[PDB]
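Right, one structure below, let's go through it.
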Amino acid sequence: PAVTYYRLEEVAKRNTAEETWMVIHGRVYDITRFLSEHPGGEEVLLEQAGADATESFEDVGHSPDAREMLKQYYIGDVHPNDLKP
Ligand code: HEM
């Protein structure tokens with residue numbers, strides 16, 4: 001299978017509105033175009049851009065519909081050596 005992998009070092013560089021990546025559950029999402037659409041606003045996303053936002057994403061209690069949106073932004077998996085517990 002042709003899965004794309006990213007190191008966290010790479011993901012961390014995509015930390016502004018120019019190109020915004022985020023890790024949730026060991027996957028990388030490019031949410032650049034979603035910033036202006038996110039119901040929770042842009043700032044909560046930018047504050048964790050380039051980082052692992054799993055804990056915040058889960059703590060907010062996002063709906064099943066919100067979760068299903070992730071397929072629009074998925075760009076690859078975190079490299080296995082860089083996965084969080
Ligand atoms: C790709 C990532 C994300 C997607 C697709 C997403 C999607 C959504 C959606 C659909 C809503 C509307 C409410 C719902 O359906 O549950 C929402 C609201 C909200 N989101 Fe997100 N979200 C993402 C990431 C985040 C993150 C990382 C945070 C916090 C750091 C956050 C904070 C909030 C807040 C505060 C609201 C409104 C208040 C609430 O729903 O309790 N979101 N988001």
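Identifiers in the structure tokens: chain A, B, ... in order shown; residue index from 1 per chain; ligand index from 1 in order shown.
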For this session: Extract, using only C-alpha atoms, all DNA, RNA and protein residues at most 12 Å from segment 58-67 of chain A, discarding same-chain residues fewer than 5 positions from it, and format them as a PyMOL selection string.
Result: chain A and resi 24-25+34+37-40+44+52-53+72-74
For this session: Name the residues of chain A that fall into strand (DSSP E) according to DSSP on the backbone, using the chain letters and numbers of this document, as a VMD selection string.
Result: chain A and resid 5 to 6 15 to 16 19 to 24 27 to 30 74 to 78
Taking N, CA, C and O atoms for each residue, export the selection above as a tab-separated table (two decimals), in the first residue's frame.
chain	number	residue	atom	x	y	z
A	5	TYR	N	4.08	8.99	4.88
A	5	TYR	CA	4.50	9.17	6.28
A	5	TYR	C	5.24	10.48	6.49
A	5	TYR	O	6.03	10.91	5.64
A	6	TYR	N	4.99	11.09	7.64
A	6	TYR	CA	5.65	12.33	8.01
A	6	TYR	C	6.31	12.20	9.37
A	6	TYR	O	5.74	11.64	10.30
A	15	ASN	N	2.98	25.42	10.91
A	15	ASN	CA	2.41	25.92	12.15
A	15	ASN	C	1.82	27.31	12.05
A	15	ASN	O	1.63	27.97	13.07
A	16	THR	N	1.50	27.74	10.83
A	16	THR	CA	0.85	29.04	10.62
A	16	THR	C	-0.28	28.87	9.61
A	16	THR	O	-0.46	27.80	9.03
A	19	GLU	N	0.24	27.35	5.87
A	19	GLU	CA	0.17	25.92	5.65
A	19	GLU	C	0.08	25.31	7.03
A	19	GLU	O	1.04	25.32	7.81
A	20	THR	N	-1.10	24.81	7.35
A	20	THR	CA	-1.42	24.44	8.71
A	20	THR	C	-1.67	22.94	8.82
A	20	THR	O	-2.65	22.42	8.26
A	21	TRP	N	-0.78	22.24	9.51
A	21	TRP	CA	-0.97	20.80	9.73
A	21	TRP	C	-1.21	20.55	11.20
A	21	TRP	O	-0.87	21.36	12.05
A	22	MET	N	-1.82	19.42	11.49
A	22	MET	CA	-2.15	19.06	12.84
A	22	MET	C	-2.15	17.55	12.94
A	22	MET	O	-2.57	16.87	12.01
A	23	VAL	N	-1.71	17.00	14.07
A	23	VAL	CA	-1.77	15.56	14.30
A	23	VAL	C	-2.93	15.23	15.23
A	23	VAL	O	-3.08	15.83	16.30
A	24	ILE	N	-3.74	14.27	14.82
A	24	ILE	CA	-4.80	13.73	15.66
A	24	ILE	C	-4.73	12.21	15.53
A	24	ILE	O	-4.77	11.69	14.42
A	27	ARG	N	-2.27	10.64	12.95
A	27	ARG	CA	-2.46	11.01	11.55
A	27	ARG	C	-2.28	12.51	11.39
A	27	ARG	O	-2.55	13.29	12.31
A	28	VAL	N	-1.84	12.88	10.20
A	28	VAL	CA	-1.57	14.26	9.84
A	28	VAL	C	-2.68	14.79	8.95
A	28	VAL	O	-3.05	14.17	7.95
A	29	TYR	N	-3.20	15.95	9.34
A	29	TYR	CA	-4.29	16.61	8.63
A	29	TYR	C	-3.81	17.98	8.20
A	29	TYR	O	-3.23	18.74	9.01
A	30	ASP	N	-4.04	18.32	6.93
A	30	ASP	CA	-3.75	19.67	6.45
A	30	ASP	C	-5.05	20.46	6.51
A	30	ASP	O	-5.93	20.28	5.67
A	74	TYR	N	-7.13	14.64	5.64
A	74	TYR	CA	-6.09	13.64	5.86
A	74	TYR	C	-5.03	13.69	4.77
A	74	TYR	O	-5.37	13.64	3.59
A	75	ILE	N	-3.76	13.78	5.15
A	75	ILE	CA	-2.67	13.75	4.19
A	75	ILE	C	-1.64	12.66	4.43
A	75	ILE	O	-0.84	12.39	3.56
A	76	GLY	N	-1.64	12.00	5.58
A	76	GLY	CA	-0.75	10.89	5.79
A	76	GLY	C	-0.64	10.52	7.25
A	76	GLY	O	-1.34	11.07	8.10
A	77	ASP	N	0.20	9.54	7.51
A	77	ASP	CA	0.38	9.01	8.85
A	77	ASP	C	1.67	9.54	9.47
A	77	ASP	O	2.65	9.80	8.78
A	78	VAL	N	1.68	9.67	10.79
A	78	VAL	CA	2.93	9.95	11.48
A	78	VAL	C	3.83	8.72	11.38
A	78	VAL	O	3.38	7.58	11.50
Exercise. Would you give me, as a ChimeraX atom specification, the residues in chain A that DSSP reads as helix (DSSP H, G or I)?
Worked result: /A:8-11,43-46,54-60,64-72,80-82
Exercise. Please, what distance in Å, to one decimal, runs between atom CA of residue 85 of chain A and atom 14 (C, counted along the ligand's line) of ligand 1?
Worked result: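 Separation of atom CA of residue 85 of chain A and atom 14 (C, counted along the ligand's line) of ligand 1: 25.7 Å.
In this comparison, which uses only C-alpha atoms and all ligand atoms, the residue of A:80, A:41, A:26, A:1 approaching ligand 1 most closely is A:41.
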Exercise. In terms of the shortest atom-to-atom distance over only C-alpha atoms, which of A:79, A:71, A:14, A:33 is closest to residue 48 of chain A?
Worked result: A:14
Exercise. Between atom 42 (N, counted along the ligand's line) of ligand 1 and atom CA of residue 36 of chain A, what is the distance, to one decimal in Å?
Worked result: 12.0 Å
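Minimum distance to ligand 1 across A:49, A:11, A:70, A:17 (counting only C-alpha atoms and all ligand atoms) occurs at A:70.
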Problem set entry | Distance in Å - atom 30 (C, counted along the ligand's line) of ligand 1 versus atom CA of residue 42 of chain A |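 Taking atom 30 (C, counted along the ligand's line) of ligand 1 as the start and atom CA of residue 42 of chain A as the end point, the length is 9.5 Å.
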Exercise. For ligand 1, which residue among A:45, A:50, A:10, A:84 is the nearest when counting only C-alpha atoms and all ligand atoms?
Worked result: A:45
